[PDB]
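let me see the structure of the following:
(chains A, B, C, D, E, F, G, H, I, J and K, ligands or ions: 2)
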Amino acid sequence: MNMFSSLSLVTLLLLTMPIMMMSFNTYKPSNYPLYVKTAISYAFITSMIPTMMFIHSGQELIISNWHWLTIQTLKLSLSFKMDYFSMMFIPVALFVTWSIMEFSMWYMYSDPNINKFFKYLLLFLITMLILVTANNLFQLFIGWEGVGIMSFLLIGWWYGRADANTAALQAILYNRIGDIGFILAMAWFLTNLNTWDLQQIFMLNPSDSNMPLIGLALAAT
Amino acid sequence: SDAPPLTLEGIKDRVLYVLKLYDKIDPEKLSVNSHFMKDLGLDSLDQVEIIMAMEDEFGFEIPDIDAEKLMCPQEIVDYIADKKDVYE
Amino acid sequence: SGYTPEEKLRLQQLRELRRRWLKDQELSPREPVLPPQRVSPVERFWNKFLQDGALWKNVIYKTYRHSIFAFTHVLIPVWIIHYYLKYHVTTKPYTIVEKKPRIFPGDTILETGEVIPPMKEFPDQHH
Amino acid sequence: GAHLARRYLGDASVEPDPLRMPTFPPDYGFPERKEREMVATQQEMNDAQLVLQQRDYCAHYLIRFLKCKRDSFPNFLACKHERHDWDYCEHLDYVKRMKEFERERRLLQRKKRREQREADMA
Amino acid sequence: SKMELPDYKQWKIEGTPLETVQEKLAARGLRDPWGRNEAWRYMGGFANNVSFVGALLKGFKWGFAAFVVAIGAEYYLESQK
Amino acid sequence: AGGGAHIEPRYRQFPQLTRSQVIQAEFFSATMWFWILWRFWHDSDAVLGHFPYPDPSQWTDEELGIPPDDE
Amino acid sequence: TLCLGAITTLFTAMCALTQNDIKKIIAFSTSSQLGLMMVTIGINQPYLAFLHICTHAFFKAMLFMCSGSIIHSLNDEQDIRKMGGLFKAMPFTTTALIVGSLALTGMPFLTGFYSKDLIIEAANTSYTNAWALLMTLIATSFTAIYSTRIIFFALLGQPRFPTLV
Amino acid sequence: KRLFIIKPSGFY
Amino acid sequence: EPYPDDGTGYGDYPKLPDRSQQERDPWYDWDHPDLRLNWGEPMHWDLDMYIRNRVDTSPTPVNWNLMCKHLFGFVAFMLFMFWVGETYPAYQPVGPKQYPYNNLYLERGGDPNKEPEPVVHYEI
Amino acid sequence: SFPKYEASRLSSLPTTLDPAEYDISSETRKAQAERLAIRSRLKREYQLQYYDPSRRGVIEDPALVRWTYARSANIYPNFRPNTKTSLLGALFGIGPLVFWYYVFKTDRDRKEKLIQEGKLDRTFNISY
Amino acid sequence: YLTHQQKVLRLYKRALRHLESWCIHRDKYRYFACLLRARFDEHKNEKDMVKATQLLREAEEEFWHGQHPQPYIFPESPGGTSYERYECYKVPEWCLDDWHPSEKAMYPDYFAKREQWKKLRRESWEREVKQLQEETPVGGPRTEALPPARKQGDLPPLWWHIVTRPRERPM
Ligand SMILES: C[C@H](CCC(=O)O)[C@H]1CC[C@H]2[C@@H]3[C@H](O)C[C@@H]4C[C@H](O)CC[C@]4(C)[C@H]3C[C@H](O)[C@]12C
Ligand SMILES: *C(=O)CCCCCCCCCCCCC
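Residues are numbered from 1 along each chain as shown, chains lettered A, B, ... in the order given. Ligands and ions are numbered 1, 2, ... in the order given. Structure as follows:
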């Protein structure tokens, strides 16, 4: 446990260090893209260790390290769900993102704002991991919307191109409509089940679940 | 962005090289300032065909308003060179 | 149809000026005039130690740079993360919950040493 | 499939209804019939923590296979022997279901001939 | 770095598919005054490019060679045990 | 972009290649074809068929327990 | 979800059969693939749907990178109608682009096979909407048609890009 | 060949 | 030509062609290239809606009337066929899968005190 | 013989297919001359200020001021309550509010009736 | 306004582009390239202003029926996937006058040579005003074309922004 839990969170924190270090601590403008690419490489390696633990023995656990808020009988905690899906997916997402960032060092080599470009690519991966490892709906929503905006900030990368702005704001438009269902799912669970943790949703296992599931299907669309 | 720039010498070389491949223009009568109409005797339609070959050579469109005013290779080299900030 | 006499001149004059303006945009050998800056000794260490190719001693830089990164970005955070979890998170109830391991027939329990009975006799058949 | 046409482009009362099967008592047509036994007790499946959709009669081959993978780590290529045993055990159970489907078809078809024979003379 | 342009006189439409156009345009009395301009696309390293089925078969010669030997090693090695 | 072995562009001509570039491309393609063949030999059933599919029209009425039309 | 997913794969795959832009084609490939994942969820095979996600990223991500290589070389040209003869001009990009297509189409024993080919088997042998089943099968055929479209119009034939590249 | 790149003032 | 004097509040503002800025000639040296506008030119009443990042009224290769028919026709046909197939499900000739211990009564959280109705599955 | 182009409000008529571009008389050729005369005068005024080196600031375009003024300030003084406006105001101003009131009013009454009869599921509902 | 000849010339250019998109292959495109030219060449001699124009309208209306729904566009042309791509890196020249004095000190030569143009602009401005207001008719210009300089040491009127526009790849 002590190793499965620690190595699971270090993978997420390792990605936020290049973002934190952008506040003028160590100034390496030229090789900052290599700094971000290298961060993924080590990040992927660490994620492999928990994956082996799960594969060997199917070990899973939740990590409700922080107590953020408490709305009467509803208690929102920062929870990470290290389970089959997240453990298997983080290595794949990191492995692919590792190739893209190495590729990006070449493709965008002449871009004046490549340093800004590699920050946004890193922000998206941070939010995607929030979505994948989310254990309660509200935390999932944070990364659900977080990835959405980073898409807008990258689609309209060439902000002088009028069509880039039109497409970037178009992704927000359609995604926003989908989020209507996500709010619908959150409301139905809170009203009927009095929870947002995926654990309590399954244990109660509501019978008449057309409305919450329809909302989720709208969000996934 | 990994594409070498364009010099005045290179552009003029490519313009003449393109025209020298044209069957309806005699290379000896073809010069830097050989007017397409008054020296090489070409109609307006053949003038358009020259530009289309020129555009595919440099891979960038030229507006019809500015293409119709190009009648000799020297003028074309000026238009292309200025359009891409080519100076040396 | 082509240019009028004056148009070929204005373009020539503008083009002559335009190229002159574009020439000025070039920088001198000295430019940019970088202000003096103090460099740490380590930067002078690696700059001079790496002048030669010497593949064998260049790989040390690869190891060194990875060594520095592997310490300040992997080893230290896990010290903080593990320290944070061991004595602050694990001390509170249900903060970390493990799915109990699967127990199969014919295994011994570390905590107790109990032996789970094996399953019955299968009507084995190799197909 | 092919029997679908016989139901949609053909009579349905002479075709099994998967949402209503079986339609005849089990004892019918099988004097002193036997029964299937579970070689793994519930506590064993519960301890093994198998998905409810896998708590079938073919279990106790899955449990043995899961044990092999846990022990044979990290050699994931091995344990291919148990996989086939559990696969074939599943295949045999699947076929036994097909017999029920085809048994249903024959019995219903028999009821069709019986009704004609008994009703025509009436 | 002046680029030494290839001599343009070598560009000819003889023996290439451009000739087929030339032959057919003659059947109606017409001629193609741009054939030599597009001739370089058919001569040199761009000539006789593979067929689609050939592309999918790339490396099959080597791949099969490494395969037949490998199975033999597995064939004998597992024979002992 | 910048970096890597530099190759001079050619005008109306096939581009220059390198021994390392072409060799690496061939190896992976050959590696792909070996993988398909080796997998096919050991796992033919994975693409052809696992187990024979029974034919309902050959089973007997006594194993299916279909009483005779008489009774 | 079964019905919603099926129409997505049929419609977007049908749209990719005629697009010229190389990036646009792969964009519709993803939408066609995503519908396949949705249908997998509709037939109550969530783990197969998840499995396809992990395997999809590998060959799908490679194709975009390989397309980026072609686009950069031709000075930011994206229309496949201005390519060709790249089978020997870009041997390494040629090889990967072929591997990505074969994995996408579900060639036996590649990455795509262990997820995609394992789904259509489940789709056929499950209590499911008949029209939904057909659209997926028809869509799988289109996966091969536009997969070929990229190779044929980019790696074969005579070069159609400008003289100097 | 190095060319001057015009940018807005970055000092402030 | 001013707007009709219907009292909606247009006054004497010009009524310009209902053409999007996307249609205007892109090669002309516009004073405002992004807007495709000219200094001093009277601005369309709905200019903000006709910027290039919004409603585009350029000619289409397919007539507007036909495009609606093809789009409406395709979607409706797809919806109907899905409804058709919902009533005609596809499946295999397989009976209900059998499970032990009273169809897994105690595994699904069934009440132990109320003994379940016996369920027995026979060999075949 | 080709299908005559059909134009809607969201699809203009191509200039190539417009017969107005071929019936070119001296008047039509003269009208375009007047347009370029006015368009030319404005261009000169803008270029003189634009290229002035002693000028720093914003070139106030009178056209921009008029456009905004018509959009905000000049609307009301040119408004007359008549049949078109009165029904449009009631239709859009008041129609939505009455429609939603009965949609929500009916919904809450129905839900309240069930709750008072114990027929509505509120087993775990302790958050409102 | 466009002349009748120009419209035919414009249609000739557009048709070939759309034709090229359909044909794709060069040789196949090359074959039909002459066939279309043949259709244009034969009707060159038609000297009837009414009959000749009527041919054009059918020519325009046949093209619209046969145009490619997705014509090939050059990457940087309006509609191509590079149009206005680099407009975000194009900063106007006057932004330099706001640079901090310590920031200008890094390029002493460039700004020293900049003052030559700014000095040149101020000197030449008043002359450029006089040149235009004498060649301008009483009612103002009737066309947007501008005259060139007509002396030694004079620069064309309204030249600063044409000369000092940002480069096509400024960064
Ligand atoms: C390890 C990595 C590449 C190593 C390699 O050559 O393979 C190198 C490239 C640039 C380096 C980073 C940058 O130099 C910025 C930082 C510089 C300081 O030395 C602290 C660590 C710091 C964050 C470095 C960590 C690491 O050494 C980096 C990331
Ligand atoms: C039935 O259970 C599934 C529905 C059948 C789908 C497969 C359709 C193809 C079979 C007909 C062709 C058979 C002859 C080759």
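
got the residues of chain J near chain K?
Listed as neighbours of chain K in chain J under the rule CB under 8 Å from any CB of the partner chain: J:2-3, J:5, J:14, J:16-17, J:19, J:22, J:24, J:29, J:32-33, J:36-37, J:39-41, J:43-44, J:47-48, J:50-54. (C-beta placed from N, C-alpha, C; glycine too.)

where along chain A do the helices fall?
Using DSSP state H, the helices of chain A run over A:2-20, A:32-57, A:84-107, A:114-133, A:137-155, A:162-193, A:198-204, A:210-220.

buried ones in the fourth one, by neighbour count?
Taking 16 or more other CB atoms under 10 Å in any protein chain shown as the basis for neighbour counts, the residues of helix A:114-133 that come out buried are A:114-115, A:117-119, A:121-133.

what ranges do the strands span in chain C?
Taking DSSP state E as the criterion, chain C contains strands spanning C:96-98.

in it, which residue sits closest to ligand 2?
Closest residue of chain C to ligand 2, CB to the nearest ligand atom: residue C:127 (25.7 Å).

hang on, isn't that residue packed against residue D:88?
Yes - shown here, residue C:127 and residue D:88 form a contact pair, counting by CB atoms under 8 Å, at 5.1 Å.

who has more neighbours, those two?
Using other CB atoms under 10 Å in any protein chain shown as the criterion, residue C:127 and residue D:88 rank with residue D:88 on top: 17 against 10.

packing partners of the strand or helix carrying the more buried one?
Element membership of residue D:88 [criterion: DSSP states H and E] is helix D:80-121. Under the contact criterion of 3 or more CB pairs under 8 Å, 6 or more residues apart in numbering or on different chains; DSSP states H and E, helix D:80-121 touches helix D:62-71.

anything in the helix it packs on near chain A?
Yes - contact of helix D:62-71 with chain A is found when judged by CB under 8 Å from any CB, involving residue D:70.

determine how far that helix lies from the middle of the whole chain.
The chain centre lies 24 Å from the centre of helix D:62-71; the measure is CA atoms, centre = their mean, to the nearest Å.

what lies in contact with that helix?
A:56-57, C:102, C:104-106, C:119, D:40, D:44-45, D:48, D:50, D:54, D:76, D:78-79, D:82-83, D:85-86 (CB atoms under 8 Å, 6 or more residues apart in numbering or on different chains).

could you dump that helix to CSV, C-alpha only?
Extracted in CSV, the C-alpha atoms of helix D:62-71 (Å, rounded to 0.1, in the frame of the first residue of the first chain):
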residue,chain,number,x,y,z
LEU,D,62,-12.0,-19.5,-13.6
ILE,D,63,-11.0,-19.6,-10.0
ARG,D,64,-8.2,-22.0,-10.8
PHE,D,65,-7.1,-19.8,-13.7
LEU,D,66,-7.0,-16.6,-11.7
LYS,D,67,-4.8,-18.4,-9.1
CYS,D,68,-2.3,-19.3,-11.9
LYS,D,69,-1.9,-15.7,-13.1
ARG,D,70,-1.4,-14.4,-9.6
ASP,D,71,1.3,-17.0,-8.9
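
what angle separates it from helix D:80-121?
For helix D:62-71 against helix D:80-121, the angle by axes from the mean of the first three to the mean of the last three CA atoms, to 10 degrees is 160 degrees.

mind listing what's buried in stretch A:10-20?
A:10, A:11, A:12, A:13, A:14, A:15, A:17, A:18.

could you do stretch C:15-22 as well?
For stretch C:15-22, by 16+ other CB under 10 Å, it's C:15, C:17, C:18, C:19, C:21, C:22.

from those, which single one is nearest residue D:106?
Nearest to residue D:106 out of the buried residues of stretch C:15-22 is residue C:22 (CB to CB; 92.4 Å).

name the nearest residue to the closest one, sequence neighbours excluded.
Sequence neighbours aside, residue B:87 is the residue nearest to residue C:22 in space, at 4.5 Å (criterion: CB to CB, 6 or more residues apart in numbering or on different chains).

quick one: the one you found is in a strand?
No - counting by DSSP: H, G, I helix; E, B strand; the rest coil, residue B:87 is located in no strand; its state is coil.

neighbours of residue 1, just the number please.
Answering for chain A, as no chain was given. Residue A:1, neighbours per other CB under 10 Å, totals 12.

correction: the question concerned chain H.
The number of residues near residue H:1, taken as other CB under 10 Å, comes to 6.

and the residue of chain I closest to chain G?
Closest approach between chain I and chain G, counting by CB to the nearest CB: residue I:85, at 3.1 Å.

how close does that residue get to ligand 2?
Going from residue I:85 to ligand 2 by CB to the nearest ligand atom, to the nearest Å gives 11 Å.

that residue reaches residue I:78, doesn't it?
No - counting by CB under 8 Å, residue I:85 sits too far from residue I:78 to count as a contact (10.8 Å).

neighbour count for these two, which is higher?
Per other CB under 10 Å, whichever of residue I:85 and residue I:78 has more neighbours is residue I:85, with 21 against 17.

where's the more buried one, which helix or strand?
Element membership for residue I:85 (DSSP H and E) is helix I:64-87.
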